Every structure is written in C-alpha cells, then in structure tokens.
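Cβ: placed from backbone, ideal geometry, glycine included. Neighbour counts: every protein chain shown. What is reported rests on the model, the rules as stated and the sources as named; no laboratory instrument gave them.
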Amino acid sequence: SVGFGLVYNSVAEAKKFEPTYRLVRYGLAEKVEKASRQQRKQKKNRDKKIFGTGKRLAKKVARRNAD
Amino acid sequence: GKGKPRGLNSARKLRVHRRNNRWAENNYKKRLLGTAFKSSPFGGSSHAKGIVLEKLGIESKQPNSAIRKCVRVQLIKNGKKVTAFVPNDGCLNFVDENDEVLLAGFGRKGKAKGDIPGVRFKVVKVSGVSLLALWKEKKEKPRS
Amino acid sequence: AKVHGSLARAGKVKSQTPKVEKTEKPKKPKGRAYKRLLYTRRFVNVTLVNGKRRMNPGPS
Amino acid sequence: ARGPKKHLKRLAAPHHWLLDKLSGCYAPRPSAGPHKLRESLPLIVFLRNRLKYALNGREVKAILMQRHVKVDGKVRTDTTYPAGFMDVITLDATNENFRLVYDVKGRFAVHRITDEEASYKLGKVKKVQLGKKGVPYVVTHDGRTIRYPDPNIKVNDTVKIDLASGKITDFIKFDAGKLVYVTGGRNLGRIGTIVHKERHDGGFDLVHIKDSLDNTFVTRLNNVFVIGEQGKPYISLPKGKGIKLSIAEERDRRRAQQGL
Amino acid sequence: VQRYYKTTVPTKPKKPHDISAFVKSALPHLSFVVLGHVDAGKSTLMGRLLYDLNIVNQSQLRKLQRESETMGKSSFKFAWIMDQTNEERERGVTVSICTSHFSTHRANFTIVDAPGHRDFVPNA
Amino acid sequence: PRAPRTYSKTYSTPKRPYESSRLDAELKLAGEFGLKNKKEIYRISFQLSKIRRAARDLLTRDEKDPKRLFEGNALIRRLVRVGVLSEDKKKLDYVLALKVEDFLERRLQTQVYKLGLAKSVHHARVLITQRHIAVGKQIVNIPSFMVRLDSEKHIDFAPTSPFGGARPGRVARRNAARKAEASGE
RNA sequence: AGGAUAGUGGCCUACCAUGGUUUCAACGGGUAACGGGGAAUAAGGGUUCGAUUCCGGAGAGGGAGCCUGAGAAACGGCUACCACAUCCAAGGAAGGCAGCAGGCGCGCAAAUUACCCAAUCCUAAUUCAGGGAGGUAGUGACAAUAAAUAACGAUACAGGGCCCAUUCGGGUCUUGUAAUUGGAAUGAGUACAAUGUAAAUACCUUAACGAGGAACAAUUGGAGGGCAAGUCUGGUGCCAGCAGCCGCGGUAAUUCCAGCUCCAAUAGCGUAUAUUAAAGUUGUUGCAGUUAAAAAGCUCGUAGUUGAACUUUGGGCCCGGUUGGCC
Ligand SMILES: [Mg+2]
Ligand SMILES: [Mg+2]
Ligand SMILES: [Mg+2]
Ligand SMILES: [Mg+2]
Ligand SMILES: [Mg+2]
Ligand SMILES: [Mg+2]
Ligand SMILES: [Mg+2]
Ligand SMILES: [Mg+2]
Ligand SMILES: [Mg+2]
Ligand SMILES: [Mg+2]
Ligand SMILES: [Mg+2]
Ligand SMILES: [Mg+2]
Ligand SMILES: [Mg+2]
Ligand SMILES: [Mg+2]
Ligand SMILES: [Mg+2]
Ligand SMILES: [Mg+2]
Ligand SMILES: [Mg+2]
Ligand SMILES: [Mg+2]
Ligand SMILES: [Mg+2]
Ligand SMILES: [Mg+2]
Ligand SMILES: [Mg+2]
Ligand SMILES: [Mg+2]
Ligand SMILES: [Mg+2]
Ligand SMILES: [Mg+2]
Ligand SMILES: [Mg+2]
Ligand SMILES: [Mg+2]
Ligand SMILES: [Mg+2]
Ligand SMILES: [Mg+2]
Ligand SMILES: [Mg+2]
Ligand SMILES: [Mg+2]
Ligand SMILES: [Mg+2]
Ligand SMILES: [Mg+2]
Ligand SMILES: [Mg+2]
Ligand SMILES: [Mg+2]
Ligand SMILES: [Mg+2]
Ligand SMILES: [Mg+2]
Ligand SMILES: [Mg+2]
Ligand SMILES: [Mg+2]
Ligand SMILES: [Mg+2]
Ligand SMILES: [Mg+2]
Ligand SMILES: [Mg+2]
Ligand SMILES: [Mg+2]
Ligand SMILES: [Mg+2]
Ligand SMILES: [Mg+2]
Ligand SMILES: [Mg+2]
Ligand SMILES: [Mg+2]
Ligand SMILES: [Mg+2]
Ligand SMILES: [Mg+2]
Ligand SMILES: [Mg+2]
Ligand SMILES: [Mg+2]
Ligand SMILES: [Mg+2]
Ligand SMILES: [Mg+2]
Ligand SMILES: [Mg+2]
Ligand SMILES: [Mg+2]
Ligand SMILES: [Mg+2]
Ligand SMILES: [Mg+2]
Ligand SMILES: [Mg+2]
Ligand SMILES: [Mg+2]
Ligand SMILES: [Mg+2]
Ligand SMILES: [Mg+2]
Ligand SMILES: [Mg+2]
C-alpha cells in the first residue's frame, strides 16, 4: 500500500496548516453541524427581501392581525 | 493530351468542368437540392411515426402471385399518406387501424423493393411493442 | 397490382403447424471451451473424407 | 469580448507551465505584472508543480501570505503573481535563493543561486525617452524604469539592477561577440556569441548565432538577451548550459551514465 | 407461457408496525354512495355537504352563480361544484361518476357520484 | 469541461468476412494458443500492422538519417525487449517478415505451458484468471501480458493463491471440515 | 472643409468631380452554412463532416433606445412597442431557465427538481466568505479498453506409437466417443472490518459464506448462389410467406412455418438512414466519345490555355570537410 504521510514539529502548529476535514477524521477538532447547502441558499434569499434588521418589520406584523 | 487541358496555369478550367460534370451522379444530385428534404417524405431521417388509415391488399408483381398485406400510414411531421409493409408472417392481425406506428426503409434509398409495387417503407414498431418480439411472442401488445 | 385484396389469412400457416417442444439437450460450452469443441471436430478427428471434408452430412 | 476575461482554461496555458490534462478544469491565470501572459509563470505553479512543497492550491496561500517569501526584494503576497525571466525569488526560510531561467529545452528551471548572486539581476532595456522636465529614462523588460541613466546606454542593451535602489551598476553594450541567451521561439534556451547582424530597415531584424559547438541558427531581435562578454557569464548558467544537441545523442547520455 | 417473473417471498419493510394497534388509533372512515331517482336532488346534497368546512368558500361559488344565470340553469346554485364537465351544465344531469374526498374534525368520508338515468346504470 | 480523454480501438477486421482459407487458418491459432475469440486474433494483426507502418516508412528514407536511426533503433529494441525479435535479427528488414505466430508465443498463456507449470494450453488460462502465478511480486491475472525477456525467469507461484505456500484454500477447508466432524468430534 | 468620435475614415453634413465592381464570374438567389484548430475514410492523390470538452464571433422571445462604470447598446440592468403570460378583494403589480436540475410540446432521437466546495480555479475592503463555475454520485449497451460462462485425473469397452513380440499381449509417448464417477481451483454475488471520499457508493484489499447442472443455463443472425454451414423430418401447396440481388411456393419446395443438426460473430449482434472505401462508375494523378451514353454542320474568332532556336561552355591548379575502404 503506497500512501503519503505528514509529520510536524509540534501539535499546535499542526492545527493551522492541516485542512479542517483531516482534523475530524483524527479527533483533533470537532465537526460543526451546520444546515444543508440548499437550506442556506433559501435562508440567504429570504434575508435579501428584508431591508434592515427585521424587528422594525415585525412591529408592522403585530398591527396587521389586530386591525 | 486525352482531351483534358494540361497547362501549368490552368487549374481554373479543371475545377469548373468538374462542377459541370458532378450533376451526372445520383448521390451529388440528391444532396444539394434537398430531394431527401423536400420530397421522399422522411425529412432526412432514418425512422418516423405515423397513423394507420387502412389496410391494403396489394397484389405482388409478375411472375409471382401473392398478396403482401400492406397498410396505409399517414405521417405526423408531414401528413403525407405513405404505403407501408409488414415484414413478418402474420403481424397484420397484430396491428389495427388508427395506431401509432414506427417506420423504416428497405435498403435501396427509396426505390421500391421489387415484387411489392408502390411500397418503399416497412413497419418496425406499433405503439412501442417491437413486432419482431411479437412474432417470436416475447411480450404483449397493450389494450390502448 | 390492384389495391382491394383479401385479408383473411394473415398468418394461417404459422397457426396450423404442430407446436412441438424443444428437446432437453445437455449444455454446450460457452466462449473459450466452445472453441475447444470446435477445434476437435475439424483437425483432431475428421469425420469423413469423400474427396473434400463436409461439416454437416446427411443420413445416407 | 465585452470585457476583460478573468478565467484561463486548461490547454490554453503555455507548454512551459507543464500543467497536466487531468486534475482540474481551469488553469492559473496570472495577474497584471512585470511580464506578459505567455512569458511568465505564477507563484502557484512554481511551488506545487516545480518544487512540490505545497499539494493543493489553497495550501499555497499558507506559504505566500504569512511571511518569509519575497520576490526581487519586496514581499509580493499574491497567489497568481506573474514571475518570469530573471526574477529573483528569495526565500527567507531554508536560506535558498532562486533564479528563474529557461531550460535547454525551453522550460522554467529550478536554478539555485548563492546569496551574493541573488542581490542583482539583469534587465534588457527596450527604449529610452525623455520624461517630465527633460529627464531621461530607460524601460527594462520587467517594466522597471530607471531615472537618469548612462547616455551611452542605447536600445537592446542590458543593465545590472541593484535590487535595493534603482541605480545601474553595470551595463553591457550590444555588439557582435556577446553571450546571448535566447528568450522566445523554437531556440529557447541557447547561447552562442553573435557573429554579425543583418540590418533589415523595416522591422523584424534577424541575428545570426554560432555557438561553441559550431551550430548556426537565426533568432529575431525580440529573442536577443545579452548576459555578458565573449565568455565569462555574469549569471550562473543552469545544468546543460544551453546546447540542445540531437535526440539521437540525448539517449546516449541517458543510457551510458544511468542506464548502464 | 413466459412473460414476467413471480415470487412468493414477502419483503419486510424497514419500520414494521402492529396492524391491530393502528386500527383503534385510526380515524373512522366511510365510503358512502348516493343513489336515487333522476329528479331527486342527490347532487344538490353533494354541493352542500362539500360547502361547509374547508372545501369551497364564497370566492368560488359566487362566480358559479354568474355562470348559473348565463347558461340558463339559474336554479342550479348547488350541484355544480362537484361536476365540472361540458354537456352536464347545459343539460343538468351528470354523465359519469366522480370521487371527491372529504375530511372532518373526527372521522373520514369518501362521497362518490351516481347517475340516475336508466341508460347510465352501468356508469352507476 | 476538462480535456478529452483520448481513446483508440485496438482491433481490426478483414474485408472478406467469409473465407475458407482464412477461417481455417485463424482457428488453428485459437486452438494451439487457447484464445476465446477472433477479436484477440484481430487485435494482434492490428498491432502487427502498426509496426509495418513504422518500418516501411523508414525503408524509403536515406541512411545516416537522425529520424531513421532514432525511430528505427527504438523499433528494434522494443521488439527485442519483449522477446519477439531475436538477437541475430536486428537489421530492421526482418520485422516486415515477422508473423502473427511470434507475437502469440510471447503471451503469458503459452509461456506457462512452455515453462511447465500448466498441464495444457487451456489449463493455463484457468491458472491466469484465478489469481495464480505472479510475474514478480505483482500478481497478474490477464492473459495478454506481454512477457519481456528479462521477466521470463521470474515467473513463479504467488505467496497467496494456494499450492503456492502455507494456505490450504477455500473449498478444501469445508472438505476437511466435514471429514473431521463426521468421523471425529 | 467642417461636424461627430477614445481615434483613422463619406462615419456624418455642406460644395464639387463622375466615378467604383465585373466572364480571372461582379451583383442577385439558395444553404436542413457560426468560422477555425480538427473528425471519419485509411497505397498515393482524394472525398465527406465539423451544433459540441480549445480559440475567435454572435445572441439571451422578436427589434429598438439608454443609465452606472475603465470596460455593456448588458437583458439572473432599466424603459417603450409587438408577440406570449402570471397574481388580483379587477384598484393595480410583476415576468423573461439558448444558466443547473425539472415540466409541457415537438419529435426517429437524448439523464437527478441529489451531495459538496473538499480538489480545479475565479471574484470581494480578499488565508478563514461565496461560486448549479467545477467536482462527486444516480440514470446510461453513445463509443473505447480488459475478458467469466470451466479446468485436470481415474475407469470401462475400441483404434492409432513402440520396446520385446514366445498362442490369451498390457505398458506409458499416448488422441477420442464415453447419459458410472473422483477430488480440486474459483470468481459474479453477499458480507465483519479496513481503505477510498468533504461525508458516502464503487474499485483495489480481506475474515465468515458462495457450481455439480432444475446451474450463478449466451445471445444475435444464417444454412440455393453471391457467402461459411443439410438435398435430414413434419406442416403448408403460386396460398401463407421468404427474398439487399438472381430468384423460391401446384406432392419428395437444398432458401416457407417448425424440430434436429451445423456455420459466422460473440456480451454482443441484426436492421434503417447519411457518408467513405470498393468507384480508374467523376478519372489532376487515372475514364470514355467509329458502332455500347457522348465531338457543335462548318469556318472566323477574343477572354482563357499553350508556344521554335539563341546570349559562359570548357580547361589547368591549390585547401579542407563528409561517408566508405586498408589497417
Ligand atoms: Mg453555504
Ligand atoms: Mg443582507
Ligand atoms: Mg443531359
Ligand atoms: Mg452513376
Ligand atoms: Mg414538420
Ligand atoms: Mg409536428
Ligand atoms: Mg398511400
Ligand atoms: Mg488573479
Ligand atoms: Mg492572497
Ligand atoms: Mg347527480
Ligand atoms: Mg332537466
Ligand atoms: Mg485470493
Ligand atoms: Mg476630415
Ligand atoms: Mg473620427
Ligand atoms: Mg472627405
Ligand atoms: Mg471625379
Ligand atoms: Mg453616376
Ligand atoms: Mg464603369
Ligand atoms: Mg462558370
Ligand atoms: Mg466560379
Ligand atoms: Mg461548416
Ligand atoms: Mg444556421
Ligand atoms: Mg464548430
Ligand atoms: Mg442547427
Ligand atoms: Mg450540447
Ligand atoms: Mg477579435
Ligand atoms: Mg416584428
Ligand atoms: Mg438586450
Ligand atoms: Mg435567465
Ligand atoms: Mg449574463
Ligand atoms: Mg392572459
Ligand atoms: Mg378592491
Ligand atoms: Mg389593466
Ligand atoms: Mg434546462
Ligand atoms: Mg450560470
Ligand atoms: Mg426534461
Ligand atoms: Mg419530457
Ligand atoms: Mg439515445
Ligand atoms: Mg473549493
Ligand atoms: Mg452542478
Ligand atoms: Mg454548471
Ligand atoms: Mg449506472
Ligand atoms: Mg468458492
Ligand atoms: Mg456448476
Ligand atoms: Mg449464465
Ligand atoms: Mg438460433
Ligand atoms: Mg429451416
Ligand atoms: Mg458454402
Ligand atoms: Mg425479375
Ligand atoms: Mg421438405
Ligand atoms: Mg438465401
Ligand atoms: Mg461485425
Ligand atoms: Mg500530379
Ligand atoms: Mg495508378
Ligand atoms: Mg466509364
Ligand atoms: Mg445505335
Ligand atoms: Mg451512340
Ligand atoms: Mg465532327
Ligand atoms: Mg480582359
Ligand atoms: Mg523555349
Ligand atoms: Mg566551369
């Protein structure tokens, strides 16, 4: 079996040059559990239609259901 | 000099008098003027699709005496009424009228086969059933 | 010739032959070993030499 | 086509980058810089395809962006920075000094030079004009302009850039009998001491080259780059020294020295 | 004969559930057919039971009342939200059946149509 | 889209498909060597045709030519290295008279038979496709392995793949299991 | 000469001149014509194809107009019209999938509303953000490469080697028909685990499983000639049909429908269309023109094509290189 290996001078230097997926295979860094890729694309397009923060628009919503 | 010119500055005469003599072939004549495109109802294609209008009882030409059991097929992309042939031993019972068909040729570039007059095309499939497999009884024709 | 013709016997000869069953024969070899069985029947043991050899004779 | 193109597909890259047909779809496009598109080579090509230090194109930014990498004195923190002919690549780590020179075959070589040689470089002047307020300037092949040169320096000469300032420390006059390193064409990488030059008033001047092995060949004026006098090369020549012998004798050295 | 394949091996699913425990937890389901005479109003009931809860509102039947006075049959305020077919609206009666599902708060219902004519008995 | 992966066919076909003098001759090549198809015969004749194109093109050129002497010596040495062309036939006029028989002799299927590891020419094919005898350390299971001249003496049984060492086998295990269980405990 | 433009220019506008192209084929029409690098065929010369992985051009339903900006007459920018078309409480608002999927329609004819930037590389105040570019996987007999569907013994009667052959010859150099059998060697598949990968699937690895024929059973065409392989048996009887071509079918049809046997190719094979070779049946290489298709009734005659001989040929020396001879 012909492979390829890397060995560093220390452990703290190994965390900044190695990719983030090899740290998950080895247990050195925990894998973050984000949303799906097609789910982040739909959240981004819903933030494009909201200009500003969004709490200002929510004040308009509570005055719509009353009247 | 065997009729043709042999001048060193005479390549123009040898390239025009070829083009005045390429109109004597068959293959060069059918390609430029669109004879396969305008006439010969398959529009430069290998197969097509049509609808059976009626069945034929076309008698074979001399010296043979037989009935070739042809059909009348009206095409979809052109709408021309084209006779068609069933190349099996009794798949005329396997076909009906007003059916989606699939047509092909004979291997003679038009030019009706001989002993079957006026028919230049054959039938391969009728509504996607592969009549070769029905003649060997491999599958079943649908009800609709 | 004519156009109007009879349509009553569209496959009658096929519908009157006696449908017989294929005989259960042993399996022929496939691919490479079929070329072994084909090589023996041509040069190992010639069946008959009646001037020239024949690959499918008749019973006589 | 409606704007400047930012991508460069593979198999449109030049041959001297030696990019493979597989392992990707797009080739590294160099940015604007000292050299042209075909005569340059990016820093992403020089590390992972020539030196094999990095592995992926994202890992190349771990070398270039941080520290310890400088090109001709200045840092040049850029992935696709065009580095071409006579560009001194100085690595502060590993005490290594590099010189981008062509092969005998015509490809960018890994040529290692000492600390004393990496201080200077040679640049062919292109033209000489008068700038603002009557100040003369020469334009080298890498876009470097030099204010107040020697008036003896004319077109198609070369200079010796100090790489700490812009002053000229040495100049070589274009004359018959100078070592000329051919840059461009089918004869890329050859040397060989100009015998004479044909005038050709009207453009595209031709220069006859007859080297030490008595091989006569003709190059244009755009390919001529003097590197010193008759003998005594001012820069360290690479392995092979630009001979380009026949392919029937290329296999003689590969079989008797290593195959035997 | 040899057309397709046939086996007698049932394939078990990945999530098996108990059959007798789901029937008690399921909603009550019915399949009732509405027969009757030719002129008995069996389809007017079908246009009114399919009017109450969630099926049709006032934004879709007031448009049907404009088509009721237009085509002459102004007395057919109901019995047209069930059948949307030509030659049924200008004559009055249906020509074929239709299956319209119904959902209420507690049970489940499936109401189907039935023609009343003696010629349309095989359709019934 | 990336670069197009090029590909070329390795076999050919004759102009006359039906010939008594050809089909009897090609079937002798499939009997003495154990080939399964006529395609593997046609694959050799296609490779034999590409060599005559690299030989007849050079015999129309003048001698002392750096194109003839380079490509010609590369054509002779490659055929000597695979063991087809002998040591006393390096004059380059002998590769045109080279036949189909010398190419099939250097295949690995008849090389096992001439060495003495297989009892027949068809027993060797079963030894090839069933993970047996290796060329070196590398195990080859394909009969179209062009055995070079230096790789002829290294042909030997594998460390795996039994009657090669220290392994009884798979179906021999259950044969020895049912014998010891029924007769013993 | 002016205007316009980033700039040259009848680009545009005034005044003036009457030119410009063309049988060496202008102009007009047709193109089922994006151009090229190239592709198929393969003695040579050629013929045919090029929508398409690269380069250049054009376009974003049809045309026209303009803003921002270094770069756009941009349409995943805007405005108007036309052709379509969406929501409406009918007051109005909004839209351009020849982007990635997917739907309808047209069709002889062509895939998933999947995963991810991890490679490839690009954009941004840029290492760490984003990218339906791109990659991965599914579908997939477009093509292409590699080659499973078996191999080896023993015995029973027969024959062909041979030593010795003295009337029963069996022994070992040995080919086969054997509806008695024998242990082996396997992979397709399944499957711990590992590896592969961003995470998986598959490959390459490897425990435990996995051939004795009812298998984990190879088909597709054909058996008159062309063209390789039957004058076998049954049915049909100028009917059904087979037949690219010549031709078969009324009593025993060597080509019909079937069985049996056999042949060709083989995980491939047949058919249809287009094209090339065959075609020296497009002939420049390389045709034919008395009678087979074909020299104008005849002469003059330009464009075109072609065109006699002749103006430094010999002689005498001196230096090497390039191969090959004798060593
Ligand atoms: Mg995201
Ligand atoms: Mg935002
Ligand atoms: Mg005529
Ligand atoms: Mg002709
Ligand atoms: Mg049409
Ligand atoms: Mg249509
Ligand atoms: Mg008709
Ligand atoms: Mg860049
Ligand atoms: Mg950077
Ligand atoms: Mg009713
Ligand atoms: Mg009524
Ligand atoms: Mg094994
Ligand atoms: Mg002007
Ligand atoms: Mg201008
Ligand atoms: Mg003017
Ligand atoms: Mg004038
Ligand atoms: Mg005029
Ligand atoms: Mg004129
Ligand atoms: Mg003309
Ligand atoms: Mg012309
Ligand atoms: Mg074209
Ligand atoms: Mg077009
Ligand atoms: Mg193209
Ligand atoms: Mg098109
Ligand atoms: Mg496409
Ligand atoms: Mg351009
Ligand atoms: Mg219009
Ligand atoms: Mg536009
Ligand atoms: Mg769009
Ligand atoms: Mg766009
Ligand atoms: Mg509308
Ligand atoms: Mg309102
Ligand atoms: Mg309106
Ligand atoms: Mg799409
Ligand atoms: Mg896009
Ligand atoms: Mg679709
Ligand atoms: Mg569709
Ligand atoms: Mg398809
Ligand atoms: Mg990425
Ligand atoms: Mg994608
Ligand atoms: Mg894409
Ligand atoms: Mg698949
Ligand atoms: Mg096994
Ligand atoms: Mg078995
Ligand atoms: Mg099988
Ligand atoms: Mg068959
Ligand atoms: Mg038969
Ligand atoms: Mg024959
Ligand atoms: Mg005839
Ligand atoms: Mg008979
Ligand atoms: Mg025949
Ligand atoms: Mg074939
Ligand atoms: Mg010629
Ligand atoms: Mg000839
Ligand atoms: Mg002729
Ligand atoms: Mg006559
Ligand atoms: Mg005549
Ligand atoms: Mg005459
Ligand atoms: Mg003239
Ligand atoms: Mg003359
Ligand atoms: Mg002389």
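Restricting to segment C:1-41, name every residue that is among the hydroxyl-bearing types (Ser, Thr, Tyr) and part of a loop (DSSP other than H, G, I, E, B).
Passing the criteria: C:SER6, C:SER15, C:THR17, C:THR23.
Here is a list: E:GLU67, E:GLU90. Which entry is of a type in the set (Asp, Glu) and either within 16 Å of ligand 8 (Cβ to nearest atom) or assigned to a loop (DSSP other than H, G, I, E, B) (or both)?
Among E:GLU67, E:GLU90, only E:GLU90 is of a type in the set (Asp, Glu) and either within 16 Å of ligand 8 (Cβ to nearest atom) or assigned to a loop (DSSP other than H, G, I, E, B) (or both).
From the list D:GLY84, D:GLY73, which residue is out of contact with any helix residue (DSSP H, G or I) (no Cβ under 7 Å at 6 or more places or on another chain) and on the phi > 0 side of the Ramachandran plot?
Only one candidate qualifies: D:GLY73.
Residues that are in contact (Cβ under 8 Å) with a residue 40 or more places away in the chain, within 14 Å of another protein chain (Cβ to nearest Cβ) and not in a helix (DSSP H, G or I): does segment F:49-70 have at least one?
Within segment F:49-70 (the criterion being in contact (Cβ under 8 Å) with a residue 40 or more places away in the chain, within 14 Å of another protein chain (Cβ to nearest Cβ) and not in a helix (DSSP H, G or I)), the answer is no, since none of the residues qualifies.
Among F:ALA25, F:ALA30, which is assigned to a helix (DSSP H, G or I), within 15 Å of the chain's Cα centre (by Cα) and closer than 30 Å to C:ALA33 by Cα?
Just one listed residue meets the conditions, F:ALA30.
Taking D:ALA164 and the conditions (1) surrounded by 11 or more Cβ atoms within 10 Å (Cβ to Cβ); (2) touching a residue at least 24 places away in the same chain (Cβ under 8 Å), which numbered condition does it fall short on, given that it satisfies the others?
Among (1) surrounded by 11 or more Cβ atoms within 10 Å (Cβ to Cβ); (2) touching a residue at least 24 places away in the same chain (Cβ under 8 Å), D:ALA164 violates only (1).
Residues are listed down the side, and each one gets a yes or a no for (1) within 11 Å of chain B (Cβ to nearest Cβ); (2) more than 30 Å from B:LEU92 (Cβ to Cβ); (3) free of Cβ contacts under 8 Å to residues at least 60 places away in the same chain; (4) of a type outside the set (A, V, I, L, M, F, W, C):
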{"site": "C:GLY5", "(1), (2), (3), (4)": "yes, no, yes, yes"}
{"site": "C:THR17", "(1), (2), (3), (4)": "yes, no, yes, yes"}
{"site": "C:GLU21", "(1), (2), (3), (4)": "no, no, yes, yes"}
{"site": "C:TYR34", "(1), (2), (3), (4)": "no, yes, yes, yes"}
{"site": "C:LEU48", "(1), (2), (3), (4)": "no, yes, yes, no"}
{"site": "C:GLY58", "(1), (2), (3), (4)": "no, yes, yes, yes"}
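May I ask you to verify whether D:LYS74 is away from every other protein chain (no Cβ under 12 Å) and more than 23 Å from the chain's Cα centre (by Cα)?
In short, no.
Out of B:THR35, B:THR83, which single residue is among the β-branched types (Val, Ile, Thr), free of Cβ contacts under 8 Å to residues at least 40 places away in the same chain and within 12 Å of chain C (Cβ to nearest Cβ)?
Result: B:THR83 is the single residue among B:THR35, B:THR83 that is among the β-branched types (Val, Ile, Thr), free of Cβ contacts under 8 Å to residues at least 40 places away in the same chain and within 12 Å of chain C (Cβ to nearest Cβ).
Within segment D:29-49, does at least one residue satisfy the condition of being assigned to a loop (DSSP other than H, G, I, E, B), surrounded by fewer than 17 Cβ atoms within 10 Å (Cβ to Cβ) and touching a helix residue (DSSP H, G or I) at 6+ places or on another chain (Cβ under 6 Å)?
no
Determine if segment B:119-134 includes at least one residue that is part of a loop (DSSP other than H, G, I, E, B), loosely packed, with under 15 Cβ neighbours inside 10 Å and under 15 Å from the mean Cα position of the chain (by Cα).
Within segment B:119-134, none of the residues are part of a loop (DSSP other than H, G, I, E, B), loosely packed, with under 15 Cβ neighbours inside 10 Å and under 15 Å from the mean Cα position of the chain (by Cα).
Which residue, of B:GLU59, B:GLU100, is more than 16 Å from ligand 5 (Cβ to nearest atom) and away from chain C (no Cβ under 14 Å)?
On inspection, the qualifying residue turns out to be B:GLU100.
Enumerate the strands (runs of 3 or more DSSP E) found wholly within segment D:155-260, keeping only those where 2 or more residues are within 30 Å of F:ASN73 (Cβ to Cβ) and outside the structural domain of D:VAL88 (by CATH).
D:216-220
Taking A:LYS15, is it loosely packed, with under 10 Cβ neighbours inside 10 Å and either away from every other protein chain (no Cβ under 14 Å) or more than 16 Å from ligand 2 (Cβ to nearest atom) (or both)?
So A:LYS15 does not fit the description; no.
Check D:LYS239, D:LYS232 and return the single one that is at positive phi and either away from chain F (no Cβ under 14 Å) or of a type outside the set (A, V, I, L, M, F, W, C) (or both).
Only one candidate passes the filter, namely D:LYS232.
Condition check ((1) surrounded by 14 or more Cβ atoms within 10 Å (Cβ to Cβ); (2) small (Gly, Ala, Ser)) across all residues:
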{"residue": "F:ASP88", "(1), (2)": "no, no"}
{"residue": "F:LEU98", "(1), (2)": "yes, no"}
{"residue": "F:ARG125", "(1), (2)": "yes, no"}
{"residue": "F:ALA134", "(1), (2)": "yes, yes"}
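Please enumerate the residues belonging to segment E:75-124 that are surrounded by 12 or more Cβ atoms within 10 Å (Cβ to Cβ) and among the β-branched types (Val, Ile, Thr).
If the condition is that a residue be surrounded by 12 or more Cβ atoms within 10 Å (Cβ to Cβ) and among the β-branched types (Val, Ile, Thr), then E:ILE81, E:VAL93, E:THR94, E:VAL95, E:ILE97, E:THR104, E:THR110, E:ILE111, E:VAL112 are the ones that fit.
How about segment B:55-87: which of its residues are polar (S, T, N, Q) and either within 16 Å of ligand 8 (Cβ to nearest atom) or under 13 Å from the mean Cα position of the chain (by Cα) (or both)?
Passing the criteria: only B:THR83.
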